[PDB]
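**Q** The structure's right below; bear with me while I get my questions together.
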4 protein chains.
Amino acid sequence: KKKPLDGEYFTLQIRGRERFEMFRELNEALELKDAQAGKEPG
Amino acid sequence: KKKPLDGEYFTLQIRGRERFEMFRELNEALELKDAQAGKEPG
Amino acid sequence: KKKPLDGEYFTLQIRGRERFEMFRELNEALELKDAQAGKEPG
Amino acid sequence: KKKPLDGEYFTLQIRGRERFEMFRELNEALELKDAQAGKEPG
């Protein structure tokens, strides 16, 4: 489904349960932008 | 060394090498604040 | 255009030109998520 | 007090009161790192 070559994946340890949800949130945020980056500007 | 009970640890996958360094940076940032949180206010 | 009552707006000073672009990026990131939050799940 | 030439300052609008506190938090986080960057490594 799109994305031909998969870029190198990485990982990061985040102490704290509530704090973890915060980092993951920013992760999906930027990922959302990159997702619409494949759609023409109009 | 301080920190008696260790809080639950977690992890997060971050695609992209350059992007990874960015997330890790914010991680050490907040961790730096919590580190000085154990020092009296003066 | 949608968004009836405007929520209280705020501001934050960010020293550094390159650093500024970084913060603004995360700003548009979360804003992008909230933008698709008004669209039904399918 | 240290910091001879002040770097160009900037600003960013953040909608949402609770959300604002979140951004400001990351701001002080990186600023805390830069603060210890002036102290020798030991």
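By order in the structure tokens, chains are A, B, ...; within a chain, residues start at 1; ligands start at 1, following the order shown.
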Which residues of chain D are close to chain B, meaning at most 9 Å apart when you count only C-alpha atoms, and how do they look as a list in words?
**A**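 Using only C-alpha atoms, chain D residues at most 9 Å from chain B: residues 25, 26, 28, 29, 30, 31, 32 and 33 of chain D.
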**Q** Please report, as a Markdown table, each residue of chain A lying at most 9 Å from stretch 1-23 of chain B, together with the nearest pair of atoms and the separation in Å rounded to one decimal; use only C-alpha atoms, and order rows by chain and ascending residue number.
**A**
| residue | atom | partner | partner_atom | distance |
| --- | --- | --- | --- | --- |
| A:6 | CA | B:15 | CA | 8.7 |
| A:7 | CA | B:16 | CA | 5.9 |
| A:8 | CA | B:16 | CA | 5.9 |
| A:9 | CA | B:15 | CA | 4.4 |
| A:10 | CA | B:14 | CA | 5.1 |
| A:11 | CA | B:13 | CA | 4.2 |
| A:12 | CA | B:12 | CA | 5.3 |
| A:13 | CA | B:11 | CA | 4.2 |
| A:14 | CA | B:10 | CA | 5.1 |
| A:15 | CA | B:9 | CA | 4.4 |
| A:16 | CA | B:8 | CA | 5.9 |
| A:17 | CA | B:8 | CA | 6.7 |
| A:20 | CA | B:10 | CA | 6.7 |
| A:23 | CA | B:23 | CA | 7.9 |
| A:24 | CA | B:12 | CA | 6.7 |
| A:26 | CA | B:23 | CA | 8.7 |
| A:27 | CA | B:14 | CA | 7.2 |
**Q** Print the selection's residues with N, CA and C atoms to a file, as a compact mmCIF listing (two decimals), in the first residue's frame.
**A**
# COMPACT_ATOMS: atom_id res chain seq x y z
N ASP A 6 10.65 0.73 2.79
CA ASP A 6 10.37 1.20 4.17
C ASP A 6 11.63 1.85 4.75
N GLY A 7 11.50 3.04 5.28
CA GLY A 7 12.69 3.72 5.86
C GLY A 7 13.14 2.99 7.12
N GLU A 8 14.36 3.20 7.54
CA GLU A 8 14.86 2.51 8.76
C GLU A 8 13.97 2.87 9.95
N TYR A 9 13.53 1.89 10.70
CA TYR A 9 12.66 2.18 11.87
C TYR A 9 13.51 2.31 13.13
N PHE A 10 13.02 2.98 14.13
CA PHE A 10 13.81 3.14 15.38
C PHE A 10 12.88 2.98 16.59
N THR A 11 13.37 3.23 17.77
CA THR A 11 12.52 3.09 18.98
C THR A 11 13.04 4.01 20.08
N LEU A 12 12.22 4.32 21.05
CA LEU A 12 12.68 5.21 22.15
C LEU A 12 11.96 4.82 23.45
N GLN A 13 12.69 4.71 24.52
CA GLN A 13 12.06 4.32 25.82
C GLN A 13 11.51 5.57 26.51
N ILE A 14 10.28 5.53 26.94
CA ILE A 14 9.70 6.72 27.63
C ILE A 14 9.18 6.30 29.01
N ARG A 15 9.83 6.75 30.06
CA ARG A 15 9.37 6.37 31.43
C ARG A 15 8.09 7.13 31.76
N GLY A 16 7.21 6.52 32.51
CA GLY A 16 5.94 7.21 32.87
C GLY A 16 4.83 6.79 31.91
N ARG A 17 3.71 6.35 32.43
CA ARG A 17 2.59 5.93 31.54
C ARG A 17 1.95 7.16 30.91
N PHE A 20 4.16 8.76 28.42
CA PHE A 20 4.25 7.98 27.16
C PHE A 20 3.16 8.43 26.19
N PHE A 23 4.14 11.56 24.24
CA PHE A 23 5.10 11.40 23.11
C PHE A 23 4.40 10.75 21.93
N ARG A 24 3.76 9.63 22.16
CA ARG A 24 3.04 8.94 21.05
C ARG A 24 2.13 9.93 20.32
N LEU A 26 2.51 13.18 19.72
CA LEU A 26 3.31 13.97 18.74
C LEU A 26 3.72 13.06 17.58
N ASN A 27 3.98 11.81 17.87
CA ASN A 27 4.38 10.86 16.79
C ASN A 27 3.28 10.80 15.74
**Q** Select from chain B everything DSSP, run on the backbone, classes as strand (DSSP E or B), then give the selection as a ChimeraX atom specification.
**A** /B:11-15
**Q** Chain D: which residues are alpha helix (DSSP H) by DSSP, as a list in words?
**A**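 Reading the DSSP output for chain D, alpha helix (DSSP H) covers residues 17, 18, 19, 20, 21, 22, 23, 24, 25, 26, 27, 28, 29, 30, 31, 32, 33, 34, 35 and 36 of chain D.
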